[PDB]
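Chemist: Got a sequence here, can you model it:
(7 chains, ligands or ions: 9)
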Amino acid sequence: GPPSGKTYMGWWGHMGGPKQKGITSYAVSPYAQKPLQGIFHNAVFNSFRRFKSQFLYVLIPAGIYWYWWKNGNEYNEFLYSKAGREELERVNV
Amino acid sequence: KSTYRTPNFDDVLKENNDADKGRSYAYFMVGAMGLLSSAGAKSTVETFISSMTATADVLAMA
Amino acid sequence: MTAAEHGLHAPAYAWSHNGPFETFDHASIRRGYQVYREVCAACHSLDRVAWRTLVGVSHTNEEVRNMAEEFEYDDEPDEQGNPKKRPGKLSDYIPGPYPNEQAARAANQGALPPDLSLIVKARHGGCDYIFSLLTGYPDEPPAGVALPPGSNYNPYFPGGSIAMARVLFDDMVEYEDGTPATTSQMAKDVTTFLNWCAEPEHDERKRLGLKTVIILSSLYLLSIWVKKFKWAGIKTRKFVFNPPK
Amino acid sequence: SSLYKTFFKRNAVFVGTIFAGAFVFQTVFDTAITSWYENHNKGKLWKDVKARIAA
Amino acid sequence: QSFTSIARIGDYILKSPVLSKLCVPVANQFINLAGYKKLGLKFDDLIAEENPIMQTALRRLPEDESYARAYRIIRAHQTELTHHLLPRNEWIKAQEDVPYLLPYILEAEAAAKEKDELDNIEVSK
Amino acid sequence: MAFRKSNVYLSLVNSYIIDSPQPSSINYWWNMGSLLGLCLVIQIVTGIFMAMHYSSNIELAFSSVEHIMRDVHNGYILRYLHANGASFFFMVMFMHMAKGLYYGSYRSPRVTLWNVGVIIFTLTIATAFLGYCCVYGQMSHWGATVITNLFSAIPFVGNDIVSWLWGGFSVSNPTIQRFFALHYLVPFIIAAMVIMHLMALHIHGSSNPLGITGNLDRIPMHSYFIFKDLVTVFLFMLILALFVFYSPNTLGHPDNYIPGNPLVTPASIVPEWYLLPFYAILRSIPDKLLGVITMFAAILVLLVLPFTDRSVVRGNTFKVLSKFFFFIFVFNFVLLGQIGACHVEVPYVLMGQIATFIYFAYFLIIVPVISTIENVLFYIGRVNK
Amino acid sequence: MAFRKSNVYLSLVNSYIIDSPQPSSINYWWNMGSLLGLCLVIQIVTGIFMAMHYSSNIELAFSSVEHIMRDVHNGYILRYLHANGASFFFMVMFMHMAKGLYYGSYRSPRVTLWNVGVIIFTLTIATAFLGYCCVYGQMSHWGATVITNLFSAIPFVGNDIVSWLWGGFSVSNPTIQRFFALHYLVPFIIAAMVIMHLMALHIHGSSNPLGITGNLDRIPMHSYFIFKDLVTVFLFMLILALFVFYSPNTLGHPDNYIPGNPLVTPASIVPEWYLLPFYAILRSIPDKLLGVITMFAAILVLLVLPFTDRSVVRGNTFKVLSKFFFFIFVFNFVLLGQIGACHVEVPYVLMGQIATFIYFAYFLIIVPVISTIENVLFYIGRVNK
Ligand code: HEM
Ligand code: HEM
Ligand code: HEM
Ligand code: HEM
Ligand code: HEM
Ligand SMILES: COc1c(O)c(C)c(C/C=C(\C)CC/C=C(\C)CC/C=C(/C)CC/C=C(\C)CC/C=C(\C)CCC=C(C)C)c(O)c1OC
Ligand SMILES: COc1c(O)c(C)c(C/C=C(\C)CC/C=C(\C)CC/C=C(/C)CC/C=C(\C)CC/C=C(\C)CCC=C(C)C)c(O)c1OC
Ligand SMILES: C/C=C(C)/C=C/C=C/C(OC)[C@@H](C)[C@H](OC)[C@@H](C)CCc1oc2c(O)c(OC)cc(OC)c2c(=O)c1C
Ligand SMILES: C/C=C(C)/C=C/C=C/C(OC)[C@@H](C)[C@H](OC)[C@@H](C)CCc1oc2c(O)c(OC)cc(OC)c2c(=O)c1C
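Modeler: Residues are numbered from 1 along each chain as shown, chains lettered A, B, ... in the order given. Ligands and ions are numbered 1, 2, ... in the order given. Below you will find the coordinate block:
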């Protein structure tokens, strides 16, 4: 038809992957499988894994920013109380 | 390994003494989702359609 | 910012309409209307509330009709074109005390009493704030506070200096249902009434929410199950590699 | 379950039955909820306040 | 960033025994934390392939390595979607985590760099 | 062939929604895009039904919205869906963008996809501002005033642009009537840009959490991801429902229940929450022109990431330093928003200026430096010469 | 390959507008479609700029249009472009349709193309009616009244539809505000249908005046038909300009310079000219229900032509009887419109009933009979046994 730019994805039968040989896959009908009362007993000590790896990447930046926020806030509170109106005059303009 | 030697699926396979166990569960779930969706869609359509009916302030008894 | 400039944080009272399953108390709404009529209406308009919305909420069809007819509204000119007036009907909006803004400022030392139709939604703190303001006038300002002439002190108002004096005093209203008209009782009632004015759909809205949340919850739990079923072949799929010669 | 295999017998539920069940649900569910709701709020409703007024 | 450039910097560090003893332990620990070996991948399996250098390189890979990369990638996707890692005895060991594609990449970058040089050569008389 | 393939209209549907080959391993983070299409539909449908009852005249606009709230059957549901839906539209857009950032979705060959996304984001921000003005509450009037004035910073012809945008001496009837007309239009331009977004998506397909090729194991969109989308569609609706029915005003500002007043700017004025990080960035620069330049640049700098990401692998899944600094970026962005909600006062002004620096330094400095270091670390950890 | 081919967005432009293979012999009758796209653009652009100044409240609508006429700089140009452009939009649509009728463009394999066209026509008629109501002159009010009442003819639930469409007891403020909102929407749905129209056009290409294959001699759209389109674009603009500047009210009705009055229907009420043939058809049936059924059927019967054209060649170019009866159809259609403009009086009522019959008989009787006869005439004139 109208031509076409070459891409990095094709379609079923010519996806653009490398030639596959030697790999054999197996599967079983959902119909033949245990109705979903399985997970648990086999899979709940399993997961809750992927966040043992991750929680530090989230928590430590979170901690840094929460600490930094709490500190600046408590300082602003002091500045606008009676006790701090002297420091307020100093740091303001 | 020989491709005729099928890997173990015993952890997943329902020990089949009841044949239509997963089918009856799946079709009940699929059926119930279909029911509550249709009722939801009906209610959503009626909500919008009724917003076009005469507003509370224009129903004057002259 | 200083605490005075911020205003005192209003505390959380146990309003009977707080909570997902709770309707307004309609007896409190009924009473609150009386407090509005007999105290507040002298300075505060209620422009967005039509008489008809009272019917079936706080009053009967008959009661509201009598109340509306106590007021005169402009009517269509007669056969000859001269203007003429009319008793009020249910289609009319509750009339305000002043004809224009300039007349309202004249009667209040130059200050403008806001319309109260939305006042509960137009302030942080909502019912807690309105109530606390009305019951929170100290007999004397804290020491050192120099109040402008014509101003009043109230810790819950930002800046402390408010142009409305305390107006609620014990037993200035004779509740039609026998209830002791203490100042905190009257405050509780108007505030409940003003929440209804601002949110007339409240009771019905929460009833619809209850149905909507139950259906959607079920649909959520259901779709999880259906997804897992439709994915079971893919999730338990197994591969083997036998490297080619 | 064998409760399914009595009504629908290993076949899925069909749209017509789904649509029909939905009309039934709508009415039943609404009454059940309104009932619970009005009961939970007994005392506070206009229904209840009107029972204490007469003029 | 080209692999020619990563190789330049990396080899400089690897030779000078000041840096070599300082960095490689850091790098070794970074690689273990990365976690790709627990999915059954080698680092070179991770290189973004949607460019001409990497397509040239993958084209030139011997058959047996190609089929092996294909299996490791498919096995990684399947494990990822089950939210598991492989059994530890299936993990890629450090001895196996070789730069198998690197020589083909470096070769293709040099060929490409020369063409760019020759297409733009000036002449002096 | 099957009719769904052979028919001219259905084949579009088939290639985008039914047979479209998806990488087997995409996770629930790839559900946000369908949720954005859903959001766009909710906003358009509820807006059209409200438009039927809305008057754009500056005398009538606020009351016409009160009329929708009070007199229109289910009117409060339409308005609360629209208002809360706009917020949910931004929550999900930020997540869609953050997903793209984390997994290197902006990378080649999806640069065009990313750039069109940045345009949609600008258009969506402009659309919500136009809608917010239509209420004509206090926040509406001063929002319209402040934001149209952004253009006064333009050298020589800036005040001319502003008076042209206003249609007069100040924000008035001309202004609100044209902002309604424009608010109606731009959603349809966003719809056309979404189609262009999906066109660029289709030629390369989705990426996946491993950052490598998906070509070796695809499964069809239909069934698997249609029903997987359904899971998050309902969860999305559940939560939106909890706000609309139980807490409809929690995400807005009480001052916009006060009719706009040209003579008085409330002390309590605060931008809409989804605009706060950008507001903070502008407020941190004590110069008019440079304030508005830096704020716009905070959006355009998103365009720079395909070039400053020097890594040789797509995405952060196997990158220890990049993961860490990504979350520094996210929480820095939340801080920018918390600063925006605060007063221009001592600790806050400095914190905002430092957070602003961190925001830009991420794209221009941290990512190029760190991705280079990670490149080299990957190499010397395996090569033995 | 060339960038115009390789780029995802430009290749669409290239395949539709630049390299698109056209049959060498298409004549100026094939210029109408581009003129329709141009019309759609003129209507949308001028409508949006006017919307900026328009108030849909029933108290303000007529005055807000007078405000556009008097106070808005170049406002009279926008309004007159919009109003006269709507008329020109119909002139060109009738010609585009008549072209299709004559050259057998509705035939296989372009049936889908034709059917989508019929939908666009219905949508365009509904859009112009919605706009006409927005003026709220006398013709606006009674047009809205008469046309919403079309639906009251529906068995049992008809008056319920009408009161729902009105939003009350009669055509009032609810009605005009929702008709403006709808008038703004439907042009964009027409735009999406035009894209679907061009999609079906693209897979089979244009037909040509000979009615045979174009595959043996194509020339590119670009240059040849781009510049050929330009010729009729300017001629179209010239003539539209003569009306807009020199005769801006000649195609409208003087009664719509009178504000709508719910108590008085002018004796001089006449539909817009482009609706007259259909009006006449309805008026010819002395029954309420059957009047509105027959009128709608006069539009739907266009769908029947691919089946009742029995000929074995596409188009009327080499068909003596078909050419003759085609022009009977055209001039019969003009008569229907001249009857519509007349009083319900003696000669006219009968003439309208006979012209109505001729209208339907063309599709259902004349074309099948005549095309069969012509089939046989072509055969026995050459076969010698
Ligand atoms: C009757 C019990 C009553 C109520 C209720 C009430 C409420 C009220 C509110 C909530 C405000 C707004 C305060 C704010 O800005 O947060 C307000 C303001 C004013 N009022 Fe009032 N008010 C009640 C009664 C009365 C009466 C009878 C008068 C007139 C004598 C009066 C006056 C005013 C004025 C003036 C203000 C303006 C405050 C300011 O701008 O400083 N109110 N009221
Ligand atoms: C991407 C789409 C859209 C977004 C993000 C959006 C957002 C908004 C926002 C933020 C508001 C103010 C909400 C508030 O009341 O606080 C608003 C108001 C409004 N919008 Fe939209 N809008 C969109 C599309 C539309 C469309 C297509 C229409 C159609 C006319 C429309 C009509 C209106 C109207 C009538 C109002 C005023 C009523 C109200 O305040 O809710 N909107 N919109
Ligand atoms: C109304 C707005 C938008 C819509 C409807 C939309 C829709 C989609 C859809 C359906 C997908 C595929 C599924 C997914 O990955 O979630 C997608 C992918 C993508 N979108 Fe958007 N999008 C929108 C806005 C944006 C924005 C604002 C950006 C970035 C600035 C963006 C960047 C991307 C990218 C880079 C991808 C590819 C992700 C990957 O495969 O790794 N989009 N979008
Ligand atoms: C296919 C597109 C359209 C057609 C055929 C069309 C047709 C019409 C017609 C017949 C009128 C009445 C003209 C008269 O004054 O006598 C009208 C009025 C109007 N239209 Fe449109 N229209 C279209 C699109 C639009 C769009 C997208 C807008 C955008 C809001 C719009 C806004 C208006 C306004 C504001 C009026 C009242 C001003 C006036 O009377 O001219 N129109 N339209
Ligand atoms: C806004 C309206 C429309 C637009 C923009 C449009 C546009 C086009 C364009 C660009 C062409 C190709 C050039 C030409 O043949 O003129 C075309 C062809 C065609 N259109 Fe339309 N059209 C519209 C409405 C209609 C209607 C109302 C019908 C019929 C009920 C229709 C029937 C056809 C047919 C059958 C063809 C093919 C003609 C042939 O090649 O012999 N169109 N149209
Ligand atoms: C390869 O990656 C993909 C992928 O391609 C797709 C498609 C999906 C699935 C997601 C989608 C298909 C989203 C699609 C949605 C859109 C493109 C929507 C575009 C926007 C719109 C606003 C639609 C246009 C709507 C209107 C004009 C509104 C209609 C108005 C009406 C009916 C008014 C009615 C009222 C009256 C009074 C008449 C994926 O999930 C995905 O990755 C996993
Ligand atoms: C095989 O046959 C063909 C053929 O395919 C083509 C393409 C042509 C040539 C004709 C065309 C390409 C027509 C094309 C035009 C369209 C499809 C137009 C679709 C309609 C629209 C309304 C466009 C969308 C427009 C808008 C949203 C308006 C933009 C609004 C703006 C800028 C508002 C600005 C204002 C402010 C205040 C910001 C032929 O002639 C032909 O046969 C000879
Ligand atoms: C016809 C269309 C026109 C003229 C305008 C469209 C384009 C403009 C924008 O982006 C597209 C623009 C919204 C901007 O984007 C950089 C946003 C981040 C705005 C951020 C923003 O919000 C505020 C706001 O909401 C307020 O409310 C009460 C008040 C405000 O001051 C106190 C602000 C404010 O100081 C800023 C910077
Ligand atoms: C929300 C949208 C709604 C409810 C309506 C849209 C759909 C309706 C149509 O088609 C789409 C409709 C326009 C119809 O189509 C059969 C046209 C041919 C109308 C023909 C028409 O015009 C008249 C007109 O203009 C008038 O003006 C003064 C007065 C009229 O009486 C005297 C008429 C009239 O008697 C008829 C039949």
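Chemist: Count the neighbours of the residue of the stretch 1-150 of chain F found nearest ligand 1 for me.
Modeler: Residue of the stretch 1-150 of chain F nearest ligand 1, by C-beta to the nearest ligand atom: residue F:138 (12.5 Å). For the C-beta atoms, the positions are set from N, CA and C on the backbone; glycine is no exception. Neighbour count for residue F:138, taken as other C-beta atoms under 10 Å in any protein chain shown: 24.
Chemist: which residues touch it?
Modeler: F:255-256, F:258-261, F:264-266, F:269 (C-beta atoms under 8 Å, 6 or more residues apart in numbering or on different chains).
Chemist: do that again at 6 Å, thanks
Modeler: Contact analysis of residue F:138 by C-beta atoms under 6 Å, 6 or more residues apart in numbering or on different chains lists F:255, F:258, F:260, F:266.
Chemist: For chain C, what lies in contact range of chain E?
Modeler: Neighbours of chain E within chain C, by C-beta under 6 Å from any C-beta of the partner chain: C:235, C:239, C:241.
Chemist: and the second one, that's in a strand?
Modeler: Yes. Inclusion of residue C:239 in a strand is indicated when DSSP: H, G, I helix; E, B strand; the rest coil is applied.
Chemist: Name whatever forms a beta bridge with it.
Modeler: Counting by DSSP bridges, residue C:239 is bridged to residue A:25.
Chemist: Isn't it up against residue A:25?
Modeler: Yes. Using C-beta atoms under 6 Å, residue C:239 is in contact with residue A:25, at 5.2 Å.
Chemist: Could you report the neighbour count for residue C:84?
Modeler: Residue C:84 has 9 neighbours, counted by other C-beta under 10 Å.
Chemist: which residues touch it?
Modeler: By C-beta under 6 Å, 6+ apart, residue C:84 lies in contact with C:75, C:78.
Chemist: Chain A contacts on the stretch 51-200 of chain F?
Modeler: Neighbours of chain A within the stretch 51-200 of chain F, by C-beta under 6 Å from any C-beta: residue F:109.
Chemist: just checking, residue C:111 touches residue C:163?
Modeler: Yes. Taking C-beta under 6 Å as the definition, residue C:111 is a contact partner of residue C:163 at 3.8 Å.
Chemist: Show me how to select, in ChimeraX, the buried members of the contacts of residue F:138.
Modeler: This is the ChimeraX syntax for the buried subset of these, where burial follows 16 or more other C-beta atoms under 10 Å in any protein chain shown:
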select /F:255,258,260
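Chemist: and which of the contacts of residue F:138 is nearest to ligand 2?
Modeler: Set against ligand 2, the nearest of the contacts of residue F:138 by C-beta to the nearest ligand atom is residue F:255 (11.4 Å).
Chemist: Give me the spatial nearest neighbour of that closest one, chain neighbours excluded.
Modeler: Spatial nearest neighbour of residue F:255, excluding adjacent residues (C-beta to C-beta, 6 or more residues apart in numbering or on different chains): residue F:138 at 4.4 Å.
Chemist: can you tell me how far the residue of chain A found nearest chain B sits from chain C?
Modeler: Per C-beta to the nearest C-beta, residue A:34 is where chain A lies closest to chain B, at 4.1 Å. Using C-beta to the nearest C-beta, to the nearest Å, residue A:34 is found at 9 Å from chain C.
Chemist: sorry, back to before: among the residues of chain C next to chain E, which one sits closest to residue D:46?
Modeler: Ranked by distance to residue D:46 (C-beta to C-beta), the residues of chain C next to chain E are led by residue C:235 at 54.6 Å.
Chemist: Stretch F:205-221 vs chain G: in contact?
Modeler: No. Under the criterion of C-beta under 6 Å from any C-beta, chain G is not reached by stretch F:205-221; the shortest gap measures 13.3 Å.
Chemist: what's the first-to-last distance across that stretch?
Modeler: 11 Å (C-alpha to C-alpha, to the nearest Å).
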